[PDB]
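Asks: Next one to model:
(4 chains, ligands or ions: 4)
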4 protein chains.
Amino acid sequence: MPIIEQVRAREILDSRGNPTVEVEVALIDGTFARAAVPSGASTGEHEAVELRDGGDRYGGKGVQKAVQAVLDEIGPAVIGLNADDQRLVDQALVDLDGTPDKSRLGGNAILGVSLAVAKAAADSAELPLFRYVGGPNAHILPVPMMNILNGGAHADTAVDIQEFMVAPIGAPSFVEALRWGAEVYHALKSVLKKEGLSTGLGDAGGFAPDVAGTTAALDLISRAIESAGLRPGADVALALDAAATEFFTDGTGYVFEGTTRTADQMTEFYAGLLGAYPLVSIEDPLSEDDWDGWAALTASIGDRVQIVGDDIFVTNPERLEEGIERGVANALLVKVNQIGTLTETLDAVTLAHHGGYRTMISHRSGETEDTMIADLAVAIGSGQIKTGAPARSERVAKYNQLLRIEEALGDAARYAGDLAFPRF
Amino acid sequence: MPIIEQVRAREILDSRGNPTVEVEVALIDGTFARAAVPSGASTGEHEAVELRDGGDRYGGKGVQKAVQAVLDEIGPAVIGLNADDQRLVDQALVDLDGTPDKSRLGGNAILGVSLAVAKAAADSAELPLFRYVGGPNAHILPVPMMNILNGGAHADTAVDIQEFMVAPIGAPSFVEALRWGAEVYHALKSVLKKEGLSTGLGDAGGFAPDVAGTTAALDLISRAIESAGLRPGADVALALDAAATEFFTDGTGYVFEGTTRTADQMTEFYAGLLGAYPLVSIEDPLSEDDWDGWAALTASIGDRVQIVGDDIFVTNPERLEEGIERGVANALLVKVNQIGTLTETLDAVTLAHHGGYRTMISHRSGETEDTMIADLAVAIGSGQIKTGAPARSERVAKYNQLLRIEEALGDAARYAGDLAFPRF
Amino acid sequence: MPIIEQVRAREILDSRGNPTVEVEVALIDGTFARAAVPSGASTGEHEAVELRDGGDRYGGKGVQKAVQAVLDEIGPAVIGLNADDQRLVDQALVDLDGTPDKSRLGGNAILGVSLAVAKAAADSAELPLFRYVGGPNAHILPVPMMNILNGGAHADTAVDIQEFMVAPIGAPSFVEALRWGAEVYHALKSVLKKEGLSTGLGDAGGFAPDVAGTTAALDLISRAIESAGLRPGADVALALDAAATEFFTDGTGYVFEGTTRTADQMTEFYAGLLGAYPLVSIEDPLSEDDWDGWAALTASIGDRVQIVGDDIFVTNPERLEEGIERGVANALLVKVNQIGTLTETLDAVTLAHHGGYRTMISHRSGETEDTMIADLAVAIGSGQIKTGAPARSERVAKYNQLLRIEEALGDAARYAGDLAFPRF
Amino acid sequence: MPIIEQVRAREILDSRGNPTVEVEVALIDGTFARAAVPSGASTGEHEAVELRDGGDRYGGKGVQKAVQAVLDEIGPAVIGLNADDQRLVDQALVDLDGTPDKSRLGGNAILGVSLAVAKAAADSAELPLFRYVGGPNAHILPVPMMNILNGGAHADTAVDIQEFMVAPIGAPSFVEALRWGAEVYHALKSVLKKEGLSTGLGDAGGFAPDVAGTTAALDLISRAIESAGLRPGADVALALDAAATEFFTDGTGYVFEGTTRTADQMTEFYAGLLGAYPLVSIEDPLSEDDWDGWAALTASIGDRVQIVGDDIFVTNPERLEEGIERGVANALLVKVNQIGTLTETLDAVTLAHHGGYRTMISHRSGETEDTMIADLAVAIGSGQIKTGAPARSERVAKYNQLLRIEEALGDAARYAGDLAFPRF
Ligand SMILES: [Mg+2]
Ligand SMILES: [Mg+2]
Ligand SMILES: [Mg+2]
Ligand SMILES: [Mg+2]
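Replies: Numbering: from 1, shown residues only, chains lettered A, B, ... in the order given. Ligands and ions are numbered 1, 2, ... in the order given. Structure as follows:
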């Protein structure tokens, strides 16, 4: 019954106003599903390749070639397959491209199809997406890791740390956790007026105030948590995405808060912040190929704090395996578009989970109205999601979808809360 | 649509000819599913309680009280629930019993319903059981851990080790792995005739030859592997279930091969066998509450060999958590009937997998024609199953079901093979 | 509507771990049915031929050639036929083979299809298999003839009689009859410990104790019946399968309990046991082509005791006709795989029933999880089944299926009990 | 699905213009079936009781009380039952009447319902009636036993033998057998004109010529067979229904061809005719309670000729059992209305078939347009039917239905031919 009958794509805009791919899949039983592909502002070196058109149109970021690839080549390869055979469909897509990085049809063309197929299979089975992907034990609502203040390559300030997140770990439920996050984001606006700092927003929906650096930024978020009537750490803890590749010079070191520092010095710095602040997680504290520094840092602070690989793993099973052997990080950031299929995303989660590593499902800078990642975070029981500040519908659509999943689960829902961060 | 409409149970016989519970669930959409409950010959102290009738009938092992509980109390609690809400159904069963060990309605009455509901939900979604429970990424065929020679409480011999298993890790596919296992079991019969040793079978379908002890038994299996044209270790490795509670005296020590030994001495013994034999796994090397010995042994040999907790964990999240904190074992044996629900089984797998621990899905001595555990092993991607020697349909029905799942997965199937045992 | 649309086979394992054929049939109305083929350890000379692959694989017992025959030749001959036309389908299979013994496609390839078609027709009619084959008057639950102690070619002992069965004839219902059988099998284990005799199992799930011979074996079973609180004969009677071909030399005589004896002497021996023991049935008391001895023996004791032809008839209408004319035996053992189709099985039953002969539906040494024979025994109202000891799911699956049929029939069920053996 | 929803009866006329019962049954799935009850001109003492109204209407033979019983009592007892549970339905009817002979609601009210239910179940299963009752092996077309010349209580002539039948045993198919029967009946009319004998018809559609007696009558039928171009015996054999109760005086003897004779003398007479004429069957050669004579006669000629019990058995399992023990007759006449249910009819067939006895399905003098008995004769593989001369649609409707069943069976049809009468 859930036989793929039709596949079409169109060019749409992402939350930053740049083009991205949207796919629709129709099954012979009348099932219709739609999936949209996110896009990162700055991409890892090792991510799957997005096909972009080049030329004058949309500053060269058009995706009419990806749309044409879905119609000319991918559609004809998957019509007649069963939508339930996700692995067969993703294999057919990977084999049809024939490149390691999906540079021929584009990670953007292939992921659209992989996701739309998974959605059509779940509709066909009459199961919500989280249940279809995760089975009947998918019930864990994740701690929302909300980026309410920006630095690094996301601003023109003194702050080299890219994202400052709040984590409402002490909340009893996801519905309360979301409210705590909202009320801290609103308090932080009011505190930014109090100090004459800018309340202008950036791409991920958080603030970019021109502050001294890392500790200044943390101090303001602590204020905001207290302003909201919540206790820092016990109620709302903190996390960073250093995105340290962005302030790394190839062969050279970490140009960080007006000094060049070694992997080991960055480590000293981070251990500093652990002592002074309620930190549950630090993502990309060192750069995408700094294999020895990462190993050193994990060994130094990995018992004290979740260490998350983003750019170093790019959701890539080959790269995560290298890090697990090397004792590199204790968590994986999961970005479906880094790898290009749902199948390869879940193989990477499996390697992580079976390996002792936690997962954090992540948005991209360039998001869509698509909420698949809220379903995915519950499906894999990550207990953690990074999908933005509680402002901008490309962020809030995910939180709204988590409210809906929590409601659907009833007394079966469990909020990960402090059990996501047992090192804290 | 998949609303529970009717629930009935009956008394049937298990593979040992003792009574057990069979449940049927009908949904309002016409879906009908049947599940049978296995039973262990010797049970752990901490396992969920089976309701048995007592009295003259079937040596007191009747289950007409469990059948009556399904009709009088459980049926009325779950009619009207949705079969897809496994967690809601299992919660309703656990709340209705109201005991920690399921001593009021019986782990046997509750598990029948939990399993039959999961089967009816999968039929209703039109998904094979492994896909419904594991999602579209369920594709790993497990290494069959085949018990071809018995000792301990399963014989009256000098052999204190309970089960001697072959593991066809070097096979390219599950279909070949099964054949390798069969051909080694058949070769071992012929080798047992050659030495005038008995070829009479026991409960798990393997041999119980009266041999010197552990090393004698290993030597005969090595012969059999070679007799089959396979290389010990590279093609067919070995595993034990010591079931060391069976030769443990409370407060006293391990009465093992004509000596009382300490946890540490047992450890010396096991490290001995690692050096001399291609061992991938040892299960219950020490007793169900020997928390300090287990920790010591894991630390000593856990890097060299999978260490499996059976009786020490009884598939119980509270007990597995205690072992993970204490650094006790690196794998969990998964026996649905030890805990009493599918929900609590998957919570225990989740704790294991997320914790770095491997899983091995297990049969019970008293099995049925039911093949749910073949589906479960693929659903959770355990990469390992312990469901008997390749003789007796209560064992072979599971292997036959794994052939069927492999065939259904097509080029999406992956055989766990040597990737199940990275320490070897 | 019940038009055969698809036919596929696969290689699976039987209860002895040797390969056998499994067939699936799909009808255009969405009906899906599965049937598995049993296999005998030692076969009659005149049985339908099993195709086996030869070569190294599985000791030459592979059935990939039978699987290929189902896909290459049988499938194409029966797609488009109506599943309800069993006789047309079986004729098409017999004509396509074109041999008298089914040596071209294999009795194993043809029976799989014949059985799977009958199952799909019954599902399509929405009738349980026993009702579809036997009509609305199929309601007689058979006396289970349970082989709890082995001799002959099934052991290396002094006992030349192959099977010693208990028959719970005085039971009020099949559910009680099964319990009586179980409780006698369990009592007999305990009595075998008491005498230091082995409790190791053989292929049919019974014991093979090294005892003096026939009378010794009977004495132990009588003890076991009494140990269970039942009266020998009135509650639990006895039956033998001598399988006398196994101890016959072509042209020479019956090498039986350390003497060569004539057909007439064997007869004297059997008449001896009738006098001393509550015997309801003796199967193959003389060899497969000893036409004159059989006639002599039937005339001598046929009024005192059921005499069953197994190897002499091989469920073959041509051979049963020869025996009915010659006054040879008063019952037929019915083994679907001896003849190769359901149609030819029922033609043989018809000849038997219309001829005054009773029928006993039989398992094979190599069984599957398939329970078709429980349905067949009720469908033809045999009042007698031989499907093993009440241990091993390849045996117990049949007894469990008889419990289910009894339950489905309600107050319409009748237990054959002592009305199966009017000579006793 | 095939749940009995509605049951209604009406009064209709039989082939003799007397009232009889017609029943309709509707199932909740929309299945509608109609059955009519035959009636015998002269009934056996032991037959099930027909309810008749008494009074002026239709000479007291009205059945409005039977119609009222179906609406007032039987309908309410069987609405809600499953039509497939024939045994449960027939039991409910037998229990509701509560008499041994069905004298409270009438064998006529109960049989209508039993038959209409069986028809509705077969429609619901989408199986022709013969296949639903007999299973997929129902394929034997019976030899038509055609009564072309009447005597006894069916005429006012010198002929005490009630029915003279032709049996086209040497025909290759039922379609040819029917034609042979027709052509002999037509030839016999022409031969009756040649001798100035009457060609006026009686109730069973045959001739009643005023001839000398038995041998005269046989001689005329032989002529007719030859006149048709067929060989007596090899092509068309003979059978009688003596109906000897009709010429028996209680305690006294057999007033037969102008003499009072003993059971033994009747026997001498019959053995006489065997020597002189190609006789395959003689029905009721002695009276309904002449148990010792019947036994004597069977022993004398039973090896030479089928001996059929009609009035002595009345299709009654209790009475057939008495005859089988006493060695009384070798065949049973099967008249559904003698017993009152389909279930009890098939129990009687089962006892017969399993007992070495043949069956002959029979019409009644008072028949309807109903053809159920053609289906029943194939369903039970009787190989013999007695349903009249090949004239009158109450007779020919059955033959026409056998043509239809033969056509539907295709190359699966087998004509019983000479295999119905192995003694000839
Ligand atoms: Mg990042
Ligand atoms: Mg164990
Ligand atoms: Mg035999
Ligand atoms: Mg008559």
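Asks: what's the burial count for the closest residue to chain C within the stretch 251-400 of chain A?
Replies: Residue nearest to chain C within the stretch 251-400 of chain A (CB to the nearest CB): residue A:343, separated by 25.7 Å. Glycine gets a C-beta too; all of them are placed from N, C-alpha and C. Applying other CB atoms under 10 Å in any protein chain shown, we find 23 residues neighbouring residue A:343.
Asks: a helix runs through it, doesn't it?
Replies: Yes: under DSSP: H, G, I helix; E, B strand; the rest coil, residue A:343 falls within a helix.
Asks: now the spatially closest residue to residue A:134 that is not a sequence neighbour: how far from ligand 1?
Replies: Closest residue in space to residue A:134, ignoring its immediate chain neighbours: residue A:379 at 3.2 Å, by CB to CB, 6 or more residues apart in numbering or on different chains. According to CB to the ion, to the nearest Å, residue A:379 stands 22 Å off from ligand 1.
Asks: swap in residue A:241?
Replies: In terms of CB to the ion, residue A:241 sits 5 Å off from ligand 1.
Asks: List the contacts of that residue.
Replies: Going by CB atoms under 8 Å, 6 or more residues apart in numbering or on different chains, residue A:241 touches A:147, A:161, A:162, A:163, A:165, A:282, A:283, A:284, A:308, A:310, A:386.
Asks: try 10 Å
Replies: A:145, A:147, A:150-152, A:154, A:161-165, A:204, A:281-285, A:308, A:310, A:333, A:360, A:362, A:386 (CB atoms under 10 Å, 6 or more residues apart in numbering or on different chains).
Asks: now do residue A:278
Replies: Contacts of residue A:278 by CB under 10 Å, 6+ apart are A:167, A:169, A:218, A:222, A:225, A:231-239, A:424.
Asks: now do residue A:326
Replies: Per CB under 10 Å, 6+ apart, neighbours of residue A:326: A:291, A:292, A:294, A:295, A:298.
Asks: let's go with 6 Å and repeat that
Replies: For residue A:326, the contact set (CB atoms under 6 Å, 6 or more residues apart in numbering or on different chains) comprises A:291, A:295.
Asks: Nearest residue to the middle of chain A?
Replies: Centroid-nearest residue in chain A: residue A:362, 1.1 Å away (criterion: CA atoms, centre = their mean).
Asks: picking that back up, quick check, the residue nearest to residue A:134 in contact with residue A:138.
Replies: Yes: judged on CB atoms under 6 Å, residue A:379 makes contact with residue A:138 at a distance of 4.9 Å.
Asks: who touches both of the two?
Replies: residue A:130.
Asks: quick one on the thing from earlier: mind listing the residues bridging to the residue nearest to the centre of chain A?
Replies: Taking DSSP bridges as the rule, residue A:362 bridges to residue A:386.
Asks: so what's it up against?
Replies: Per CB under 6 Å, 6+ apart, neighbours of residue A:362: A:333, A:335, A:386.
Asks: Go through stretch A:403-423 and flag the buried ones.
Replies: Buried residues in stretch A:403-423, defined by neighbour count with 16 or more other CB atoms under 10 Å in any protein chain shown: A:405, A:406, A:409, A:412, A:413, A:414, A:415, A:416, A:417, A:418, A:420, A:421.
Asks: How about stretch A:290-310?
Replies: Within stretch A:290-310, the residues scored as buried using 16+ other CB under 10 Å are A:290-291, A:293-298, A:301-302, A:305-310.
Asks: out of the residues you listed, who's nearest residue C:350?
Replies: Closest approach between the buried residues of stretch A:290-310 and residue C:350, by CB to CB: residue A:309, at 74.0 Å.
Asks: so which helix or strand takes in the residue of the stretch 201-350 of chain A found nearest chain B?
Replies: Ranked by CB to the nearest CB, the top residue of the stretch 201-350 of chain A for proximity to chain B is residue A:346, at 3.9 Å. Of the helices and strands defined by DSSP states H and E, residue A:346 is found in helix A:342-354.
Asks: Tell me which residue in chain A sits closest to ligand 4.
Replies: For chain A, the residue closest to ligand 4 is residue A:1, as judged by CB to the ion, at 59.6 Å.
Asks: Verify the contact between that residue and residue A:27 for me.
Replies: No: applying CB under 6 Å, one finds residue A:1 not in contact with residue A:27, separated by 7.4 Å.
Asks: the more surrounded of these two?
Replies: residue A:27 (21 against 14).
Asks: Find the nearest non-adjacent residue to the more buried one, please.
Replies: Using CB to CB, 6+ apart and skipping the chain neighbours, the partner closest in space to residue A:27 is residue A:2 (4.9 Å).
Asks: just residue A:221 next, same as before
Replies: residue A:164 (5.9 Å).
Asks: Report the closest residue of the stretch 101-250 of chain A relative to chain C.
Replies: Nearest to chain C, among the residues of the stretch 101-250 of chain A, is residue A:124, at 16.0 Å (CB to the nearest CB).
Asks: Residue A:147: what secondary structure?
Replies: Residue A:147 - assigned by three-state DSSP - is strand.
Asks: Tell me the backbone dihedrals of the nearest residue to it once chain neighbours are set aside, please.
Replies: Using CB to CB, 6+ apart and skipping the chain neighbours, the partner closest in space to residue A:147 is residue A:163 (4.2 Å). In terms of degrees, to the nearest 10, the main-chain angles of residue A:163 are phi -140, psi 130.
Asks: Could you measure from residue A:163 over to ligand 2?
Replies: From residue A:163 over to ligand 2 (counting by CB to the ion), the distance is 48 Å.
Asks: so how far is residue B:347 from the residue of the stretch 151-300 of chain A found nearest ligand 3?
Replies: Going by CB to the ion, ligand 3 is nearest to residue A:174 of the stretch 151-300 of chain A, at 66.7 Å. From residue A:174 across to residue B:347, the span is 19 Å (CB to CB, to the nearest Å).
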